[PDB]
$ cat upload.txt   # compact mmCIF, C-alpha atoms
# COMPACT_ATOMS: atom_id res chain seq x y z
CA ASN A 9 6.07 -36.57 -0.44
CA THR A 10 3.56 -34.62 -2.51
CA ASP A 11 2.42 -31.12 -3.45
CA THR A 12 0.67 -30.33 -0.17
CA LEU A 13 3.75 -30.07 2.05
CA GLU A 14 5.80 -28.67 -0.82
CA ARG A 15 3.41 -25.72 -0.73
CA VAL A 16 3.87 -24.87 2.94
CA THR A 17 7.54 -24.86 1.95
CA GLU A 18 7.01 -22.06 -0.56
CA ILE A 19 5.50 -19.65 1.96
CA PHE A 20 8.44 -19.74 4.36
CA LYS A 21 10.79 -19.82 1.37
CA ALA A 22 9.27 -16.58 0.10
CA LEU A 23 10.62 -14.85 3.20
CA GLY A 24 14.07 -13.29 2.84
CA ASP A 25 15.41 -10.03 4.26
CA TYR A 26 13.98 -8.82 7.56
CA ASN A 27 13.72 -5.19 6.47
CA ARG A 28 10.98 -6.58 4.23
CA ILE A 29 8.60 -6.81 7.19
CA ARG A 30 9.25 -3.12 7.83
CA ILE A 31 7.90 -2.01 4.46
CA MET A 32 4.98 -4.41 4.86
CA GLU A 33 4.03 -2.66 8.10
CA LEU A 34 3.99 0.79 6.53
CA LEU A 35 2.18 -0.68 3.53
CA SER A 36 -0.53 -2.14 5.76
CA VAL A 37 -1.58 1.47 6.29
CA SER A 38 -0.44 4.11 3.81
CA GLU A 39 0.56 4.62 0.18
CA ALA A 40 3.51 6.40 -1.44
CA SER A 41 5.79 6.27 -4.47
CA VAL A 42 8.39 3.58 -5.15
CA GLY A 43 11.43 5.69 -4.29
CA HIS A 44 9.91 8.02 -1.70
CA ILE A 45 9.10 5.04 0.52
CA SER A 46 12.73 4.00 0.12
CA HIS A 47 14.54 7.32 0.57
CA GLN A 48 12.51 8.20 3.66
CA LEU A 49 12.75 4.75 5.24
CA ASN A 50 16.45 5.31 4.58
CA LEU A 51 16.62 2.46 2.07
CA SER A 52 18.73 1.94 -1.04
CA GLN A 53 16.40 1.97 -4.04
CA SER A 54 18.92 -0.54 -5.38
CA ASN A 55 17.28 -3.24 -3.26
CA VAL A 56 13.70 -1.98 -3.02
CA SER A 57 12.95 -2.38 -6.72
CA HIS A 58 14.45 -5.85 -6.39
CA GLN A 59 12.40 -6.70 -3.30
CA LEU A 60 8.87 -5.93 -4.50
CA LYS A 61 9.70 -8.10 -7.52
CA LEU A 62 10.06 -11.37 -5.61
CA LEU A 63 7.10 -10.98 -3.25
CA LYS A 64 5.02 -9.81 -6.21
CA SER A 65 6.15 -12.95 -8.04
CA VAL A 66 5.15 -14.93 -4.95
CA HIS A 67 1.55 -13.75 -5.09
CA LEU A 68 1.95 -12.16 -1.66
CA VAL A 69 1.79 -8.51 -2.70
CA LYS A 70 -0.20 -6.90 -5.51
CA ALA A 71 0.59 -3.87 -7.67
CA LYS A 72 -1.86 -1.42 -9.24
CA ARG A 73 -1.43 1.04 -12.10
CA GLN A 74 -3.07 4.47 -12.06
CA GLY A 75 -2.02 7.12 -14.58
CA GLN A 76 1.71 6.42 -14.48
CA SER A 77 3.50 5.55 -11.23
CA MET A 78 2.59 2.20 -9.69
CA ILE A 79 1.18 2.02 -6.16
CA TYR A 80 1.55 -1.27 -4.30
CA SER A 81 -0.87 -2.54 -1.65
CA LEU A 82 -2.14 -5.78 -0.11
CA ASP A 83 -5.35 -7.44 -1.31
CA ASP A 84 -5.71 -10.17 1.31
CA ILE A 85 -6.49 -8.56 4.66
CA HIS A 86 -6.18 -12.11 5.97
CA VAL A 87 -2.40 -11.91 6.27
CA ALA A 88 -2.76 -8.41 7.71
CA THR A 89 -4.88 -9.65 10.62
CA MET A 90 -2.91 -12.89 10.88
CA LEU A 91 0.27 -10.90 11.49
CA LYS A 92 -1.44 -8.76 14.13
CA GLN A 93 -2.62 -11.87 15.97
CA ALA A 94 0.93 -13.21 16.02
CA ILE A 95 2.26 -9.92 17.39
CA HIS A 96 -0.66 -9.56 19.79
CA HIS A 97 0.42 -12.80 21.45
CA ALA A 98 4.11 -11.95 21.12
CA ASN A 99 4.20 -11.74 24.91
CA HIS A 100 1.78 -13.99 26.80
CA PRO A 101 -0.49 -12.34 29.40
CA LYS A 102 1.37 -12.00 32.70
CA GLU A 103 1.24 -15.33 34.52
CA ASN B 9 13.51 0.53 18.19
CA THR B 10 13.55 -3.11 17.10
CA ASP B 11 12.77 -4.93 20.35
CA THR B 12 9.28 -5.94 19.24
CA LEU B 13 10.13 -6.73 15.62
CA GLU B 14 13.43 -8.41 16.45
CA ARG B 15 11.20 -11.08 17.97
CA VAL B 16 9.11 -11.88 14.90
CA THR B 17 12.48 -12.08 13.16
CA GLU B 18 13.70 -14.82 15.49
CA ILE B 19 10.67 -16.98 14.71
CA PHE B 20 10.99 -16.99 10.93
CA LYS B 21 14.76 -17.19 11.38
CA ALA B 22 14.31 -20.33 13.47
CA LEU B 23 13.20 -22.17 10.33
CA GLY B 24 15.91 -23.89 8.29
CA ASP B 25 15.70 -27.16 6.37
CA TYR B 26 12.41 -28.41 4.93
CA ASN B 27 12.75 -31.94 6.30
CA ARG B 28 12.05 -30.09 9.54
CA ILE B 29 8.29 -29.85 9.02
CA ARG B 30 8.26 -33.55 8.15
CA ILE B 31 9.86 -34.69 11.40
CA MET B 32 7.60 -32.28 13.27
CA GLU B 33 4.61 -34.04 11.73
CA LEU B 34 5.62 -37.49 12.97
CA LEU B 35 6.76 -35.89 16.23
CA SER B 36 3.32 -34.31 16.59
CA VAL B 37 1.70 -37.75 16.65
CA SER B 38 3.90 -40.57 17.94
CA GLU B 39 7.10 -40.49 19.98
CA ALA B 40 10.07 -42.70 19.10
CA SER B 41 13.83 -42.90 19.54
CA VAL B 42 16.33 -40.64 17.79
CA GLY B 43 17.43 -43.23 15.23
CA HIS B 44 14.30 -45.29 14.57
CA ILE B 45 12.71 -42.03 13.46
CA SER B 46 15.69 -41.32 11.22
CA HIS B 47 15.95 -44.90 9.97
CA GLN B 48 12.30 -45.69 9.30
CA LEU B 49 11.81 -42.08 8.21
CA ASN B 50 14.50 -42.69 5.60
CA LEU B 51 16.84 -40.02 6.96
CA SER B 52 20.54 -39.76 7.78
CA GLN B 53 20.67 -39.68 11.57
CA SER B 54 23.72 -37.51 10.89
CA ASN B 55 21.37 -34.57 10.37
CA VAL B 56 18.82 -35.49 13.03
CA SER B 57 21.07 -35.18 16.08
CA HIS B 58 22.24 -31.99 14.36
CA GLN B 59 18.68 -30.85 13.67
CA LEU B 60 17.08 -31.04 17.11
CA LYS B 61 20.19 -29.27 18.39
CA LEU B 62 19.12 -26.03 16.72
CA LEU B 63 15.38 -25.98 17.39
CA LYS B 64 16.09 -27.02 20.97
CA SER B 65 18.38 -24.02 21.45
CA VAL B 66 15.60 -22.00 19.82
CA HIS B 67 13.17 -23.10 22.53
CA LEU B 68 10.81 -24.47 19.88
CA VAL B 69 11.03 -28.07 21.07
CA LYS B 70 11.57 -29.49 24.55
CA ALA B 71 13.59 -32.64 25.21
CA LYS B 72 12.72 -35.09 27.98
CA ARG B 73 14.89 -37.53 29.92
CA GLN B 74 13.51 -40.69 31.52
CA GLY B 75 15.50 -43.89 31.96
CA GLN B 76 18.08 -43.67 29.17
CA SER B 77 17.41 -42.28 25.70
CA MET B 78 15.75 -38.87 25.47
CA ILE B 79 12.34 -38.70 23.82
CA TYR B 80 11.59 -35.33 22.23
CA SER B 81 8.11 -33.79 22.21
CA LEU B 82 6.37 -30.44 21.78
CA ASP B 83 4.85 -28.52 24.69
CA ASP B 84 2.87 -25.69 23.11
CA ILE B 85 -0.01 -27.43 21.33
CA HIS B 86 -0.61 -23.95 19.93
CA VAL B 87 1.90 -24.32 17.11
CA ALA B 88 0.42 -27.73 16.32
CA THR B 89 -3.05 -26.22 15.93
CA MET B 90 -1.72 -23.09 14.24
CA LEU B 91 -0.08 -25.14 11.49
CA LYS B 92 -3.23 -27.21 11.00
CA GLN B 93 -5.12 -23.97 10.40
CA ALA B 94 -2.59 -22.78 7.83
CA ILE B 95 -2.91 -26.00 5.83
CA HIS B 96 -6.64 -26.13 6.54
CA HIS B 97 -7.05 -22.69 4.97
CA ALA B 98 -4.69 -23.41 2.08
CA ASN B 99 -7.92 -24.54 0.42
CA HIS B 100 -9.03 -22.82 -2.78
CA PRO B 101 -12.69 -22.11 -1.92
CA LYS B 102 -13.35 -22.73 -5.61
CA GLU B 103 -12.97 -20.14 -8.37

$ encode --input "upload.txt" --output "structure tokens"
Amino acid sequence: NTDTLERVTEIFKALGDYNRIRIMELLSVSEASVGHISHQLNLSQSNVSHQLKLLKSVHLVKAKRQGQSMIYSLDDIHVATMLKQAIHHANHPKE
Amino acid sequence: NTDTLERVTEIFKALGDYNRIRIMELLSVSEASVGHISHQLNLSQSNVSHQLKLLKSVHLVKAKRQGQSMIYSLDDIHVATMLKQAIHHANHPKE
């Protein structure tokens, strides 16, 4: 036992609802309000607000203030590319 | 409209108990019986037999029969290397 493994346990633990990935995708490229993103993506603002919280508290996502409304957005392109690589291999080649 | 994503969902979903990673570690080095691993690895074999069950059905691990007892073992060294990279990067390049 130790703190090393315990860490790798936090990452996976951070994960929760699947829909989360959805927002992440749109976030990877784009920027809108807190509700707008919800309404459109046919989502109940009841959860949204709740969601961001966690992740944000996980150090995964980062928020930024500008005038009034807050616009989210990733700061570590690493995960962005990492996810693409995982999806790029989703289906092996052909043989 | 969720044939591609549904996949990435199965992966993360596959995960379950933490002790999992642990066993995987020892399983990614030496191969032993079902108990021995549980005994020496201070673990209630009650879960083991129950553990592999899942993963197996997930296609993550592949069992092997030869003689009598079945010795488990990975097949896609990819995951093994992938994990190493995750922990290898989990390094705070200072600051």

$ calpha_fit_and_write --input "upload.txt" --fixed "chain B" --moving "chain A" --output "mmCIF file with C-alpha atoms, keeping the file's coordinate frame"
data_model
loop_
_atom_site.group_PDB
_atom_site.id
_atom_site.type_symbol
_atom_site.label_atom_id
_atom_site.label_comp_id
_atom_site.auth_asym_id
_atom_site.auth_seq_id
_atom_site.Cartn_x
_atom_site.Cartn_y
_atom_site.Cartn_z
ATOM 1 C CA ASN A 9 14.140 -0.328 15.544
ATOM 2 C CA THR A 10 13.651 -2.182 18.816
ATOM 3 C CA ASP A 11 13.252 -5.632 20.356
ATOM 4 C CA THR A 12 9.667 -6.206 19.233
ATOM 5 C CA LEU A 13 10.313 -6.587 15.502
ATOM 6 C CA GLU A 14 13.681 -8.204 16.167
ATOM 7 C CA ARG A 15 11.709 -10.994 17.825
ATOM 8 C CA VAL A 16 9.431 -11.753 14.886
ATOM 9 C CA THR A 17 12.746 -12.024 13.045
ATOM 10 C CA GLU A 18 13.923 -14.865 15.275
ATOM 11 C CA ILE A 19 10.929 -17.094 14.564
ATOM 12 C CA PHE A 20 11.372 -17.111 10.793
ATOM 13 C CA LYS A 21 15.138 -17.274 11.306
ATOM 14 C CA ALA A 22 14.714 -20.451 13.342
ATOM 15 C CA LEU A 23 13.411 -22.162 10.212
ATOM 16 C CA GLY A 24 16.026 -23.946 8.103
ATOM 17 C CA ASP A 25 15.780 -27.236 6.219
ATOM 18 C CA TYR A 26 12.382 -28.248 4.867
ATOM 19 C CA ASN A 27 12.710 -31.888 5.905
ATOM 20 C CA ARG A 28 12.398 -30.401 9.391
ATOM 21 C CA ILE A 29 8.652 -29.929 8.915
ATOM 22 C CA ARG A 30 8.425 -33.630 8.079
ATOM 23 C CA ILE A 31 9.726 -34.760 11.461
ATOM 24 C CA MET A 32 7.518 -32.171 13.155
ATOM 25 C CA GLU A 33 4.469 -33.754 11.524
ATOM 26 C CA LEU A 34 5.300 -37.243 12.750
ATOM 27 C CA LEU A 35 6.187 -35.759 16.134
ATOM 28 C CA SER A 36 2.795 -34.062 16.386
ATOM 29 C CA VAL A 37 1.433 -37.581 16.809
ATOM 30 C CA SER A 38 3.795 -40.365 17.853
ATOM 31 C CA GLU A 39 6.999 -41.052 19.776
ATOM 32 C CA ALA A 40 10.117 -43.064 18.925
ATOM 33 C CA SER A 41 13.864 -43.173 19.514
ATOM 34 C CA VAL A 42 16.379 -40.674 18.140
ATOM 35 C CA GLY A 43 17.816 -42.942 15.451
ATOM 36 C CA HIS A 44 14.772 -45.088 14.695
ATOM 37 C CA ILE A 45 12.849 -41.994 13.602
ATOM 38 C CA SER A 46 15.796 -41.196 11.345
ATOM 39 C CA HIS A 47 16.557 -44.607 9.831
ATOM 40 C CA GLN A 48 12.897 -45.259 9.041
ATOM 41 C CA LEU A 49 12.202 -41.782 7.668
ATOM 42 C CA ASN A 50 15.273 -42.593 5.581
ATOM 43 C CA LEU A 51 17.330 -39.841 7.207
ATOM 44 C CA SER A 52 21.037 -39.553 7.964
ATOM 45 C CA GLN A 53 21.451 -39.534 11.740
ATOM 46 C CA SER A 54 24.355 -37.230 10.899
ATOM 47 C CA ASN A 55 21.889 -34.366 10.461
ATOM 48 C CA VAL A 56 19.074 -35.392 12.803
ATOM 49 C CA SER A 57 21.135 -35.064 15.975
ATOM 50 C CA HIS A 58 22.212 -31.686 14.623
ATOM 51 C CA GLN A 59 18.655 -30.611 13.811
ATOM 52 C CA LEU A 60 16.909 -31.197 17.144
ATOM 53 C CA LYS A 61 19.748 -29.181 18.692
ATOM 54 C CA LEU A 62 18.898 -25.880 17.002
ATOM 55 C CA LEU A 63 15.112 -26.009 17.372
ATOM 56 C CA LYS A 64 15.601 -27.141 20.969
ATOM 57 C CA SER A 65 17.893 -24.138 21.434
ATOM 58 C CA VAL A 66 15.163 -22.001 19.868
ATOM 59 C CA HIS A 67 12.603 -22.958 22.496
ATOM 60 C CA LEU A 68 10.399 -24.459 19.787
ATOM 61 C CA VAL A 69 10.762 -28.123 20.720
ATOM 62 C CA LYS A 70 11.182 -29.695 24.155
ATOM 63 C CA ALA A 71 13.045 -32.836 25.220
ATOM 64 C CA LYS A 72 12.217 -35.177 28.102
ATOM 65 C CA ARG A 73 14.347 -37.749 29.908
ATOM 66 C CA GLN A 74 12.915 -41.067 31.090
ATOM 67 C CA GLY A 75 15.240 -43.856 32.225
ATOM 68 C CA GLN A 76 17.888 -43.388 29.546
ATOM 69 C CA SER A 77 16.970 -42.528 25.948
ATOM 70 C CA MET A 78 15.473 -39.080 25.406
ATOM 71 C CA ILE A 79 12.023 -38.700 23.846
ATOM 72 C CA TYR A 80 11.216 -35.382 22.185
ATOM 73 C CA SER A 81 7.727 -33.879 21.938
ATOM 74 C CA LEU A 82 5.965 -30.518 21.648
ATOM 75 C CA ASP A 83 4.612 -28.700 24.708
ATOM 76 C CA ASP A 84 2.717 -25.870 23.020
ATOM 77 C CA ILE A 85 -0.277 -27.321 21.188
ATOM 78 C CA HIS A 86 -0.727 -23.757 19.959
ATOM 79 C CA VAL A 87 1.758 -24.183 17.119
ATOM 80 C CA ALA A 88 0.264 -27.606 16.407
ATOM 81 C CA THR A 89 -3.192 -26.143 15.764
ATOM 82 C CA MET A 90 -1.745 -23.026 14.141
ATOM 83 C CA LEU A 91 -0.026 -25.191 11.533
ATOM 84 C CA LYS A 92 -3.228 -27.134 10.869
ATOM 85 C CA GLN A 93 -5.143 -23.899 10.304
ATOM 86 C CA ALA A 94 -2.546 -22.783 7.772
ATOM 87 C CA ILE A 95 -2.766 -26.104 5.931
ATOM 88 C CA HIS A 96 -6.549 -26.204 6.244
ATOM 89 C CA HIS A 97 -6.711 -22.986 4.234
ATOM 90 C CA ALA A 98 -3.897 -24.075 1.923
ATOM 91 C CA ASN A 99 -6.480 -24.169 -0.858
ATOM 92 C CA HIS A 100 -9.375 -21.713 -0.580
ATOM 93 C CA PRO A 101 -12.918 -23.134 -0.835
ATOM 94 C CA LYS A 102 -13.902 -23.484 -4.492
ATOM 95 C CA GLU A 103 -15.036 -20.096 -5.778
#

$ closest_atom_pairs --input "upload.txt" --of "chain A" --to "chain B" --cutoff "12 Å" --atoms "only C-alpha atoms" --output "Markdown table"
| residue | atom | partner | partner_atom | distance |
| --- | --- | --- | --- | --- |
| A:9 | CA | B:30 | CA | 9.4 |
| A:10 | CA | B:30 | CA | 11.7 |
| A:11 | CA | B:98 | CA | 11.9 |
| A:12 | CA | B:95 | CA | 8.2 |
| A:13 | CA | B:29 | CA | 8.3 |
| A:14 | CA | B:26 | CA | 8.8 |
| A:15 | CA | B:98 | CA | 8.9 |
| A:16 | CA | B:95 | CA | 7.5 |
| A:17 | CA | B:26 | CA | 6.7 |
| A:18 | CA | B:26 | CA | 10.0 |
| A:19 | CA | B:94 | CA | 10.5 |
| A:20 | CA | B:20 | CA | 7.6 |
| A:21 | CA | B:26 | CA | 9.4 |
| A:22 | CA | B:20 | CA | 11.0 |
| A:23 | CA | B:20 | CA | 8.0 |
| A:24 | CA | B:21 | CA | 9.4 |
| A:25 | CA | B:17 | CA | 9.6 |
| A:26 | CA | B:17 | CA | 6.7 |
| A:27 | CA | B:17 | CA | 9.7 |
| A:28 | CA | B:17 | CA | 10.6 |
| A:29 | CA | B:13 | CA | 8.6 |
| A:30 | CA | B:13 | CA | 8.6 |
| A:33 | CA | B:13 | CA | 10.5 |
| A:86 | CA | B:97 | CA | 10.7 |
| A:87 | CA | B:94 | CA | 11.0 |
| A:90 | CA | B:94 | CA | 10.4 |
| A:91 | CA | B:16 | CA | 9.5 |
| A:92 | CA | B:16 | CA | 11.0 |
| A:93 | CA | B:90 | CA | 11.4 |
| A:94 | CA | B:16 | CA | 8.4 |
| A:95 | CA | B:16 | CA | 7.5 |
| A:96 | CA | B:12 | CA | 10.6 |
| A:97 | CA | B:16 | CA | 10.9 |
| A:98 | CA | B:15 | CA | 7.8 |
| A:99 | CA | B:12 | CA | 9.6 |

$ atom_distance --input "upload.txt" --atom1 "CA of residue 88 in chain A" --atom2 "CA of residue 62 in chain A"
18.7 Å

$ atom_distance --input "upload.txt" --atom1 "CA of residue 71 in chain A" --atom2 "CA of residue 44 in chain A"
16.2 Å

$ atom_distance --input "upload.txt" --atom1 "CA of residue 47 in chain A" --atom2 "CA of residue 60 in chain A"
15.3 Å

$ axis_aligned_box --input "upload.txt" --around "range 9-20 of chain A" --padding-each-side "4 Å" --output "lines of an AutoDock Vina configuration file"
center_x = 4.6
center_y = -28.1
center_z = 0.5
size_x = 15.8
size_y = 24.9
size_z = 15.8

$ closest_residue --input "upload.txt" --among "A:55, A:69, A:45, A:102" --to "residue 81 in chain A" --atoms "all atoms listed in the file"
A:69

$ closest_residue --input "upload.txt" --among "B:89, B:78, B:42, B:73" --to "residue 59 in chain B" --atoms "all atoms listed in the file"
B:42

$ residues_near_point --input "upload.txt" --point "(-3.9, -9.2, -0.3)" --cutoff "7 Å" --atoms "all atoms listed in the file" --output "VMD selection string"
chain A and resid 68 to 70 82 to 85
